[PDB]
Number of protein chains: 4
Amino acid sequence: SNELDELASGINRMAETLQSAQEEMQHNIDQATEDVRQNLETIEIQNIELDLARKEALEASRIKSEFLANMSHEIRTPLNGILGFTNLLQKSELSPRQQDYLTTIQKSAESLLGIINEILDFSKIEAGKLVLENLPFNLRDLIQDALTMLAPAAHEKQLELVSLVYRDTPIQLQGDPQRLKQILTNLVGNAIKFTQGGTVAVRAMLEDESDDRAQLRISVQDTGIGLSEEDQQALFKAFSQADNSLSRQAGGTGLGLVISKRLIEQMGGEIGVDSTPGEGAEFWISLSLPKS
Amino acid sequence: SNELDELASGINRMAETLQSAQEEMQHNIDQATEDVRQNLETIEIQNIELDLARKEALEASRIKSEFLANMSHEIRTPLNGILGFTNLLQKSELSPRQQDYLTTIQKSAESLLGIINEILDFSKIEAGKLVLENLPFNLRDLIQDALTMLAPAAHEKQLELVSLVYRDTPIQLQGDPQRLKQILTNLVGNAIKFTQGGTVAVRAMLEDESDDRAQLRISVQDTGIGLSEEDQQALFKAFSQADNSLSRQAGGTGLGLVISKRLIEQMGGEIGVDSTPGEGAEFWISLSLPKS
Amino acid sequence: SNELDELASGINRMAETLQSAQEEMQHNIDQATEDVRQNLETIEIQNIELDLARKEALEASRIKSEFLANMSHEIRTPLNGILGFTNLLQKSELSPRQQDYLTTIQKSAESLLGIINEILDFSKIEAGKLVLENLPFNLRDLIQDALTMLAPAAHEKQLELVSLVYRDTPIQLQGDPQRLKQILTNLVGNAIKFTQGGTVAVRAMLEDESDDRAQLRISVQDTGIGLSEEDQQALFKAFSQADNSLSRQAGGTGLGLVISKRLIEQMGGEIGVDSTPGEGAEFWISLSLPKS
Amino acid sequence: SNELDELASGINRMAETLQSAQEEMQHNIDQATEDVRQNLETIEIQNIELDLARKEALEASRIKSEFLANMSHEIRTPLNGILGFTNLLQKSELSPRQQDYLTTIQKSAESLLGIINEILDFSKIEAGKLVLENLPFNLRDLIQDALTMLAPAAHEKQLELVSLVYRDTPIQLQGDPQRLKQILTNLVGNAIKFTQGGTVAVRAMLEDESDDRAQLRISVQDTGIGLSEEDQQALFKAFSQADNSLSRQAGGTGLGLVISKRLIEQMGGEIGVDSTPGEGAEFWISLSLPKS
Ligand SMILES: [Ca+2]
Ligand SMILES: [Ca+2]
Ligand SMILES: [Ca+2]
């Protein structure tokens with residue numbers, strides 16, 4: 001019976017390895033109930049921290065907007081007193097020299113007013129409460145008026161201001177002509193600061209056109225003809241600093257550039273800075289506007 | 001009988017049920033590899049969003065601080081032109097009426113200067129770059145000097161400025177006497193605006209005392225003696241608005257109050273507003289300062 | 001997860017060891033079908049040899065019985081001629097010496113006749129064709145009649161024949177009185193040859209008793225009173241030779257003793273030889289017989 | 001977690017079916033240890049009965065041989081007395097008629113002596129103690145001498161004894177001439193008893209021949225010429241009875257025929273009886289013997 005005891009002990013050896021493998025497989029089931037518990041614990045712990053950080057960022061944006069509006073109002077009170085009493089003095093008997101000093105106080109106070117209006121504008125954009133007007137306008141007239149406003153500053157630095165609206169450019173549009181002019185004056189004004197000589201050229205071009213709307217590109221370029229190597233380096237450095245401030249949005253190149261980006265984005269457009277070594281650098285805006 | 005064929009067919013019947021159970025158990029293993037993958041995907045997706053929101057909050061605070069400093073600088077340029085040319089006009093031949101208009105433009109511009117100095121101060125506090133001085137000072141002299149500077153504003157509204165430092169109040173302390181004076185002038189200046197008549201009373205009291213430090217409470221109270229029911233309602237309303245702005249911190253009661261709260265908190269102290277119907281309302285600060 | 005791939009690969013590793021163990025366990029099942037076949041082959045091979053040896057022993061016994069009966073008949077034919085012509089000569093004119101020679105031939109032929117009658121008796125016993133009579137008998141009378149017929153032979157050797165049936169011995173029995181007398185005359189006749197002097201004593205004793213049957217012991221003892229040491233040695237040697245012939249059954253102590261053992265065994269009894277040095281040796285029979 | 005509890009309960013349901021299948025498979029292992037035990041118990045029980053029956057058959061043959069030798073001795077004692085006293089009477093003064101009666105008693109006793117000598121011969125053959133001699137002999141002389149010894153018995157019944165050894169029959173052989181003569185005298189002697197008239201013819205023929213040995217056939221035929229229908233029926237009946245006794249081996253046709261068959265078989269030969277209605281019946285022997 002040498003083979004009969006082998007079958008009786010072989011089945012006991014086979015069943016002993018199955019009880020040892022089931023103890024190893026039960027350890028895997030006991031570890032899967034703990035590993036899944038730890039995962040659904042961290043998904044809900046991290047899910048509540050994401051709701052907290054999301055709520056804190058929305059409150060910091062609401063408070064930033066309120067703070068700026070309150071600061072603008074705090075400055076507006078004494079500024080209105082300066083503007084009011086300057087007008088009263090301007091209507092009185094003064095010498096030509098005394099009137100020159102008042103004209104300077106008036107222009108300084110009017111620029112200060114423009115700054116606190118940008119702070120108020122930015123607080124409204126930050127809150128989403130900025131309403132754009134809906135008025136028909138002439139794009140050629142708009143660019144010419146913005147360039148006439150900046151002609152003293154351009155002639156101060158020995159620069160020429162050139163405007164170019166092409167024949168195929170649709171000029172009878174509809175939107176916010178004062179906010180579009182605010183963007184243009186800021187871009188042209190910045191271009192004047194960035195160059196030592198040459199011409200600042202504004203071009204208005206058509207990109208795409210339909211029966212109801214018109215897609216436009218407006219470029220403010222400092223061509224830099226006759227600029228020395230030092231002035232060429234200074235021009236590209238100034239435009240790259242403005243391109244960095246456009247991405248950063250911290251008011252590095254002035255608050256007007258921050259608002260120019262937020263205004264063009266509200267109109268469903270884009271703003272950027274282009275550059276070519278033997279062509280000079282430029283600002284550009286791309287926007288779609290309906291036709292009159 | 002025929003027991004050998006029962007063992008040979010019993011093992012085939014047992015192995016047939018294991019192949020059917022392994023098909024059901026393979027479906028559970030194929031579902032556990034997808035359910036665990038979805039969990040470790042969301043734990044790492046949520047973990048990267050928490051790192052992103054943490055980095056975005058730090059950048060929004062750095063940009064808020066830079067924006068305010070740039071805004072302050074932008075206003076300072078035209079403001080100094082107003083201040084400068086107002087001084088030049090004040091040195092010229094003008095009538096008494098013309099000189100009174102200039103004095104008003106000058107006072108308005110000086111208040112505007114104080115506001116943009118606070119904006120610059122707040123941008124330094126917002127960046128954590130505000131360093132407190134370490135100078136010995138006399139607390140009685142400090143409060144008396146702050147009240148002397150606010151005496152014209154208090155006498156303009158027919159109010160009296162009273163100071164009271166008790167005998168047991170330790171006056172020989174050490175810290176930032178200019179920042180503590182900035183808090184006091186703001187609190188007393190706000191108290192002057194909140195009342196139509198009576199006295200603004202400042203009291204300096206000891207709360208707790210040790211060999212090296214002193215815990216103090218300073219209260220700026222509008223007692224409101226002789227105020228009509230309308231002026232009493234207006235006083236409580238003004239102080240409750242200031243208490244709301246203290247909690248909100250959005251510059252509702254002026255930027256000076258926002259700085260007063262941030263400065264007292266930087267010194268390890270507290271600030272609040274107390275009120276009693278037949279006693280008038282007050283501002284209070286609690287702070288600990290070392291002696292000598 | 002790291003534990004999910006362990007369950008998917010653990011089931012494949014567990015099933016791989018079952019296919020390897022089933023190959024080893026299939027070798028044990030293939031060996032059990034051969035080891036059981038060899039066992040049921042030898043049980044039927046040995047079972048057919050037991051039927052063959054049983055049939056061969058029955059044929060050897062049938063042939064032995066036929067041979068003895070034929071041997072008896074073969075001798076009877078010439079023996080009857082010797083007996084017939086001896087009688088014819090005895091009825092003729094002969095001298096006293098010639099008549100003594102015939103008397104010797106006659107007695108020799110009569111003893112030869114007695115031998116071939118025992119050979120015929122034994123051939124009937126050997127064939128199982130011996131049917132026992134069923135007659136009531138008196139056991140005391142039976143033993144007395146057997147002893148009367150052996151008194152000449154006992155008195156020839158100077159011996160006494162004694163009989164002893166106890167008071168408690170049931171004498172009214174039923175069976176084969178002629179076959180029981182044949183056993184007794186042979187045992188007493190042999191006892192007469194085995195001793196030189198004394199008495200041959202027959203004792204009939206009860207061993208066990210019921211309402212319908214009686215278990216008896218009959219002993220034929222040569223007491224050996226007055227026997228010399230030489231005659232005592234010769235007596236025990238003669239009885240031990242008869243005890244050997246009883247076990248051997250080869251006719252060593254005569255064919256009569258072979259028939260005595262077969263007859264007592266057919267009656268469901270036993271026969272033996274007992275011995276005690278200072279008591280003489282004896283024959284004994286044990287048998288159960290019903291009562292009249 | 002609906003699929004996690006399915007894997008934890010599926011492994012418990014799978015292991016429950018394995019414990020139930022192992023209980024059924026353990027019952028098969030517990031039955032195989034009893035079924036194999038019963039088989040090896042009967043193989044050893046039957047193996048010991050085969051050793052017992054084998055030993056009992058060898059002892060029954062040894063005892064049969066001793067019994068026959070003792071039977072022969074038991075008959076020899078009274079027979080020797082008859083022979084002895086018959087010779088003593090034959091040497092005395094008797095009439096011719098008295099001498100004829102003694103001659104008959106003598107011939108009857110001498111035949112009886114021949115029978116008990118055959119019983120002693122058969123007991124030696126039965127014990128395997130019969131050694132065959134190795135002597136050269138003349139087969140023609142052997143048959144002629146056997147026929148000369150049986151001529152008185154043949155002439156008593158008015159029969160003729162004829163011998164015929166062919167020219168191609170090898171007569172110079174080697175073996176046991178006395179045992180071969182014993183077979184021939186018995187066969188011829190039996191043939192004499194089986195017929196009432198005619199000739200008993202012995203023929204010696206060659207069957208097969210080699211350089212060292214010779215295969216022979218010897219026939220003893222009762223031709224039965226001149227036999228009536230009654231004597232022809234009696235002849236075939238006598239020879240068919242002898243043919244039955246040859247197969248049965250019970251001594252039915254005399255012990256001499258039993259010895260004739262055992263002797264021819266010991267020499268590696270055969271013996272039988274042939275018959276043809278119009279030719280008479282015969283005995284035959286076939287045997288191989290070496291030459292010279
Ligand atoms: Ca370019
Ligand atoms: Ca009984
Ligand atoms: Ca005894």
# chains A, B, ... in the order shown; residues from 1 in each chain; ligands from 1
$ residues_near_ligand --ligand "ligand 1" --cutoff "7 Å" --atoms "only C-alpha atoms and all ligand atoms" --output "list in words"
residues 221, 274, 275, 276, 279, 280, 281 and 282 of chain A
$ interface_residues --of "chain B" --to "chain D" --cutoff "8 Å" --atoms "only C-alpha atoms" --output "MDAnalysis selection string"
chainID B and resid 3:4 6:7 10 14 18 21 25 28 31:32
$ residues_near_ligand --ligand "ligand 2" --cutoff "9 Å" --atoms "only C-alpha atoms and all ligand atoms" --output "VMD selection string"
chain C and resid 207 to 216 287 to 290
$ calpha_fit_and_write --fixed "chain D" --moving "chain B" --output "compact mmCIF listing (two decimals) with C-alpha atoms, in the first residue's frame"
# COMPACT_ATOMS: atom_id res chain seq x y z
CA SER B 1 -18.29 50.67 -5.75
CA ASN B 2 -17.67 48.69 -2.42
CA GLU B 3 -15.38 46.14 -4.10
CA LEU B 4 -13.03 45.62 -1.10
CA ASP B 5 -15.75 44.05 1.09
CA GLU B 6 -16.70 41.69 -1.83
CA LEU B 7 -13.18 40.13 -1.84
CA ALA B 8 -13.21 39.76 2.00
CA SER B 9 -16.65 38.01 1.92
CA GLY B 10 -16.01 36.03 -1.31
CA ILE B 11 -13.08 34.15 0.28
CA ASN B 12 -15.33 33.22 3.28
CA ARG B 13 -18.09 31.95 0.90
CA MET B 14 -15.48 29.95 -1.12
CA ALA B 15 -14.00 28.38 2.07
CA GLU B 16 -17.52 27.48 3.34
CA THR B 17 -18.16 25.32 0.22
CA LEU B 18 -14.76 23.57 0.68
CA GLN B 19 -15.60 22.55 4.30
CA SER B 20 -18.93 21.07 3.07
CA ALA B 21 -17.25 19.24 0.14
CA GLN B 22 -14.44 17.97 2.46
CA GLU B 23 -17.10 16.39 4.76
CA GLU B 24 -18.49 14.46 1.73
CA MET B 25 -14.93 13.61 0.54
CA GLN B 26 -13.91 12.49 4.10
CA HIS B 27 -16.80 9.92 4.00
CA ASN B 28 -15.27 8.55 0.72
CA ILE B 29 -11.78 8.34 2.36
CA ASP B 30 -13.25 6.57 5.45
CA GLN B 31 -15.01 4.04 3.14
CA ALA B 32 -11.86 3.49 0.97
CA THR B 33 -9.81 2.55 4.09
CA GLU B 34 -12.41 -0.18 4.89
CA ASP B 35 -12.92 -1.43 1.28
CA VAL B 36 -9.14 -1.73 0.72
CA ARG B 37 -8.68 -3.43 4.17
CA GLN B 38 -11.34 -6.06 3.23
CA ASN B 39 -9.55 -6.71 -0.10
CA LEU B 40 -6.02 -7.11 1.39
CA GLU B 41 -7.62 -9.30 4.15
CA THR B 42 -9.18 -11.70 1.60
CA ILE B 43 -6.00 -11.77 -0.58
CA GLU B 44 -3.96 -12.92 2.44
CA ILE B 45 -6.71 -15.25 3.79
CA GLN B 46 -7.02 -16.93 0.36
CA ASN B 47 -3.20 -16.95 -0.01
CA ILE B 48 -2.84 -18.90 3.26
CA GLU B 49 -5.60 -21.40 2.23
CA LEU B 50 -3.70 -22.08 -1.04
CA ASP B 51 -0.54 -22.85 1.01
CA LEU B 52 -2.58 -25.10 3.36
CA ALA B 53 -4.33 -27.05 0.55
CA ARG B 54 -0.95 -27.48 -1.24
CA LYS B 55 0.64 -28.88 1.97
CA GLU B 56 -2.43 -31.13 2.65
CA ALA B 57 -2.30 -32.68 -0.85
CA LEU B 58 1.42 -33.50 -0.42
CA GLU B 59 0.69 -35.08 2.99
CA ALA B 60 -2.31 -37.07 1.69
CA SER B 61 -0.06 -38.59 -1.04
CA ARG B 62 2.71 -39.41 1.48
CA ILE B 63 0.15 -41.01 3.84
CA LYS B 64 -1.57 -42.94 0.95
CA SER B 65 1.84 -44.43 0.02
CA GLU B 66 2.66 -45.37 3.65
CA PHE B 67 -0.83 -46.84 4.20
CA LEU B 68 -0.47 -49.15 1.18
CA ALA B 69 3.01 -50.32 2.21
CA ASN B 70 1.75 -51.09 5.74
CA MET B 71 -1.31 -52.89 4.35
CA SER B 72 0.94 -55.01 2.08
CA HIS B 73 3.17 -55.91 5.03
CA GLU B 74 0.17 -56.77 7.24
CA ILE B 75 -1.20 -59.23 4.62
CA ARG B 76 2.27 -60.72 3.88
CA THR B 77 2.64 -62.14 7.43
CA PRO B 78 -0.47 -64.45 7.40
CA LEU B 79 0.01 -65.12 3.65
CA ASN B 80 3.48 -66.54 4.22
CA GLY B 81 1.99 -68.82 6.92
CA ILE B 82 -0.53 -70.14 4.36
CA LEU B 83 2.27 -70.64 1.80
CA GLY B 84 4.62 -72.23 4.30
CA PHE B 85 2.16 -74.69 5.83
CA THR B 86 0.73 -75.59 2.39
CA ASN B 87 4.31 -76.69 1.37
CA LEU B 88 4.65 -78.71 4.60
CA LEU B 89 1.30 -80.46 3.89
CA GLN B 90 2.35 -81.07 0.25
CA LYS B 91 5.37 -83.05 1.61
CA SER B 92 3.05 -85.41 3.56
CA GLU B 93 1.12 -88.59 2.73
CA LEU B 94 -2.14 -87.53 1.01
CA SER B 95 -4.57 -88.92 -1.59
CA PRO B 96 -4.61 -87.54 -5.20
CA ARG B 97 -7.83 -85.63 -4.39
CA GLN B 98 -6.25 -84.12 -1.22
CA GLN B 99 -3.17 -83.10 -3.26
CA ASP B 100 -5.36 -81.36 -5.85
CA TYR B 101 -7.04 -79.27 -3.13
CA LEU B 102 -3.58 -78.21 -1.90
CA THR B 103 -2.42 -77.36 -5.42
CA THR B 104 -5.50 -75.07 -5.68
CA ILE B 105 -4.79 -73.43 -2.26
CA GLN B 106 -1.16 -72.95 -3.42
CA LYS B 107 -2.12 -71.32 -6.75
CA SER B 108 -4.63 -69.07 -5.00
CA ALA B 109 -2.02 -68.04 -2.40
CA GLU B 110 0.59 -67.42 -5.15
CA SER B 111 -1.85 -65.06 -6.95
CA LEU B 112 -2.55 -63.31 -3.62
CA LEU B 113 1.26 -62.91 -3.22
CA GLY B 114 1.47 -61.31 -6.67
CA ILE B 115 -1.27 -58.83 -5.65
CA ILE B 116 0.44 -57.69 -2.40
CA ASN B 117 3.73 -57.37 -4.37
CA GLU B 118 1.89 -54.98 -6.76
CA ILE B 119 0.47 -53.04 -3.77
CA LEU B 120 4.05 -52.59 -2.50
CA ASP B 121 5.20 -51.62 -6.03
CA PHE B 122 2.39 -49.07 -6.34
CA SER B 123 3.23 -47.55 -2.94
CA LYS B 124 6.82 -46.95 -4.23
CA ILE B 125 5.53 -45.39 -7.49
CA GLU B 126 3.07 -43.24 -5.44
CA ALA B 127 6.01 -41.99 -3.32
CA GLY B 128 8.23 -41.34 -6.39
CA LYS B 129 10.78 -43.82 -4.98
CA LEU B 130 10.73 -46.19 -7.97
CA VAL B 131 14.14 -46.41 -9.68
CA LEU B 132 14.26 -47.88 -13.20
CA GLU B 133 17.21 -50.22 -13.97
CA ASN B 134 19.58 -49.63 -16.93
CA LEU B 135 20.35 -53.00 -18.54
CA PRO B 136 20.80 -54.04 -22.17
CA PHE B 137 18.16 -56.55 -23.35
CA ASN B 138 16.81 -58.46 -26.36
CA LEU B 139 13.22 -57.35 -27.11
CA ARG B 140 12.42 -60.57 -29.04
CA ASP B 141 13.61 -62.72 -26.11
CA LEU B 142 11.70 -60.51 -23.63
CA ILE B 143 8.33 -60.95 -25.41
CA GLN B 144 8.93 -64.69 -25.93
CA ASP B 145 9.73 -65.17 -22.20
CA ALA B 146 6.59 -63.21 -21.15
CA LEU B 147 4.44 -65.37 -23.48
CA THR B 148 6.01 -68.63 -22.18
CA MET B 149 5.02 -67.70 -18.59
CA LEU B 150 1.41 -67.02 -19.72
CA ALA B 151 1.07 -70.17 -21.88
CA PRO B 152 -0.55 -72.29 -19.06
CA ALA B 153 -3.26 -69.60 -18.49
CA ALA B 154 -3.86 -69.23 -22.25
CA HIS B 155 -4.05 -73.01 -22.82
CA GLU B 156 -6.48 -73.29 -19.83
CA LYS B 157 -9.02 -71.18 -21.81
CA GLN B 158 -8.24 -72.94 -25.18
CA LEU B 159 -6.40 -69.88 -26.59
CA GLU B 160 -3.19 -69.63 -28.63
CA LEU B 161 -0.34 -67.23 -27.80
CA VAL B 162 1.37 -65.72 -30.83
CA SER B 163 4.40 -63.41 -30.99
CA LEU B 164 5.58 -61.29 -33.90
CA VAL B 165 8.69 -59.13 -33.96
CA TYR B 166 9.24 -57.71 -37.46
CA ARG B 167 12.57 -57.77 -39.37
CA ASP B 168 12.95 -53.96 -39.16
CA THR B 169 12.23 -53.88 -35.39
CA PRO B 170 15.36 -52.96 -33.40
CA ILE B 171 15.60 -55.68 -30.71
CA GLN B 172 18.93 -54.73 -29.05
CA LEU B 173 17.72 -52.06 -26.60
CA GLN B 174 18.56 -50.76 -23.08
CA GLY B 175 16.27 -50.04 -20.10
CA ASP B 176 14.30 -51.97 -17.48
CA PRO B 177 13.61 -55.44 -18.91
CA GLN B 178 11.82 -56.63 -15.74
CA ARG B 179 9.44 -53.64 -15.62
CA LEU B 180 8.74 -53.85 -19.37
CA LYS B 181 8.03 -57.63 -18.90
CA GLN B 182 5.69 -56.75 -15.96
CA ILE B 183 3.65 -54.46 -18.28
CA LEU B 184 3.55 -57.14 -21.04
CA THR B 185 2.56 -60.03 -18.75
CA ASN B 186 -0.24 -57.86 -17.30
CA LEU B 187 -1.54 -56.79 -20.72
CA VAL B 188 -1.36 -60.33 -22.17
CA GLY B 189 -2.83 -61.77 -18.95
CA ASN B 190 -5.76 -59.33 -19.16
CA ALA B 191 -6.26 -60.09 -22.88
CA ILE B 192 -6.50 -63.85 -21.97
CA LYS B 193 -9.36 -63.06 -19.50
CA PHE B 194 -11.22 -60.86 -22.03
CA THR B 195 -11.69 -63.58 -24.72
CA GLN B 196 -13.38 -67.00 -24.83
CA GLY B 197 -11.58 -68.33 -27.93
CA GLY B 198 -9.06 -67.59 -30.64
CA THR B 199 -5.54 -66.19 -30.43
CA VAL B 200 -3.92 -63.44 -28.35
CA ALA B 201 -1.37 -61.88 -30.74
CA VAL B 202 1.56 -59.69 -29.65
CA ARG B 203 3.24 -57.52 -32.37
CA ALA B 204 6.40 -55.42 -31.89
CA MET B 205 6.70 -52.60 -34.47
CA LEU B 206 9.00 -49.66 -35.21
CA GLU B 207 7.34 -46.23 -35.36
CA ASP B 208 10.34 -43.85 -35.60
CA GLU B 209 14.13 -44.51 -35.46
CA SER B 210 17.36 -42.58 -34.80
CA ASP B 211 21.10 -43.50 -34.37
CA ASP B 212 20.83 -43.74 -30.57
CA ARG B 213 17.10 -44.40 -29.83
CA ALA B 214 14.11 -46.43 -31.18
CA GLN B 215 10.38 -45.53 -30.89
CA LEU B 216 8.28 -48.72 -30.60
CA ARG B 217 4.65 -49.80 -30.55
CA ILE B 218 3.64 -53.13 -28.97
CA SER B 219 0.07 -54.36 -29.40
CA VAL B 220 -1.69 -57.21 -27.52
CA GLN B 221 -4.74 -58.07 -29.65
CA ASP B 222 -7.54 -60.59 -29.16
CA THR B 223 -8.32 -61.27 -32.86
CA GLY B 224 -11.45 -63.28 -31.92
CA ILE B 225 -11.60 -65.65 -34.91
CA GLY B 226 -14.51 -68.08 -34.56
CA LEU B 227 -16.17 -66.11 -31.74
CA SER B 228 -19.98 -66.14 -31.67
CA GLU B 229 -21.95 -62.81 -31.61
CA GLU B 230 -22.37 -63.18 -27.78
CA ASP B 231 -18.61 -63.76 -27.26
CA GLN B 232 -17.79 -60.84 -29.63
CA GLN B 233 -20.02 -58.50 -27.56
CA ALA B 234 -18.38 -59.80 -24.33
CA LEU B 235 -14.88 -59.17 -25.79
CA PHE B 236 -15.60 -55.52 -26.78
CA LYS B 237 -17.33 -54.89 -23.42
CA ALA B 238 -14.30 -56.27 -21.49
CA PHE B 239 -11.84 -54.10 -23.48
CA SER B 240 -13.99 -50.96 -23.14
CA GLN B 241 -14.14 -51.56 -19.33
CA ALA B 242 -10.28 -51.80 -19.35
CA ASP B 243 -10.10 -48.55 -21.38
CA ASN B 244 -12.34 -46.82 -18.78
CA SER B 245 -10.15 -48.16 -15.90
CA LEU B 246 -7.04 -46.86 -17.73
CA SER B 247 -8.45 -43.29 -17.66
CA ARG B 248 -10.06 -43.57 -14.18
CA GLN B 249 -7.05 -45.32 -12.54
CA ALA B 250 -9.11 -46.69 -9.61
CA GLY B 251 -8.09 -50.38 -9.94
CA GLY B 252 -11.34 -51.41 -11.64
CA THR B 253 -9.64 -53.86 -14.04
CA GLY B 254 -7.07 -54.89 -11.38
CA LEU B 255 -4.12 -53.12 -9.75
CA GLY B 256 -1.79 -54.59 -12.40
CA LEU B 257 -3.28 -52.33 -15.06
CA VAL B 258 -2.81 -49.26 -12.79
CA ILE B 259 0.89 -50.20 -12.42
CA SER B 260 1.22 -50.89 -16.17
CA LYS B 261 0.04 -47.32 -16.90
CA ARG B 262 2.28 -45.73 -14.22
CA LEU B 263 5.34 -47.76 -15.41
CA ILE B 264 4.92 -46.93 -19.13
CA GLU B 265 4.40 -43.24 -18.22
CA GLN B 266 7.59 -43.29 -16.08
CA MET B 267 9.46 -44.58 -19.20
CA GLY B 268 8.07 -41.59 -21.21
CA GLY B 269 5.40 -43.58 -23.02
CA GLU B 270 1.66 -44.08 -23.60
CA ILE B 271 -0.92 -46.88 -23.21
CA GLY B 272 -4.38 -47.31 -24.75
CA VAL B 273 -7.10 -49.62 -26.10
CA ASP B 274 -8.10 -49.85 -29.82
CA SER B 275 -11.19 -51.55 -31.36
CA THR B 276 -12.69 -52.57 -34.78
CA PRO B 277 -15.96 -54.61 -34.98
CA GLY B 278 -14.68 -57.15 -37.54
CA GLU B 279 -11.11 -57.25 -36.21
CA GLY B 280 -11.28 -57.64 -32.39
CA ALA B 281 -9.98 -55.26 -29.72
CA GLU B 282 -6.40 -54.69 -28.45
CA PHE B 283 -4.09 -53.05 -25.87
CA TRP B 284 -1.17 -50.91 -27.11
CA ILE B 285 1.94 -49.30 -25.66
CA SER B 286 4.14 -46.65 -27.26
CA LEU B 287 7.64 -46.05 -25.83
CA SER B 288 11.10 -44.75 -26.72
CA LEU B 289 14.18 -46.71 -25.63
CA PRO B 290 17.90 -46.28 -26.40
CA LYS B 291 19.81 -48.93 -28.38
CA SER B 292 22.62 -51.26 -27.08
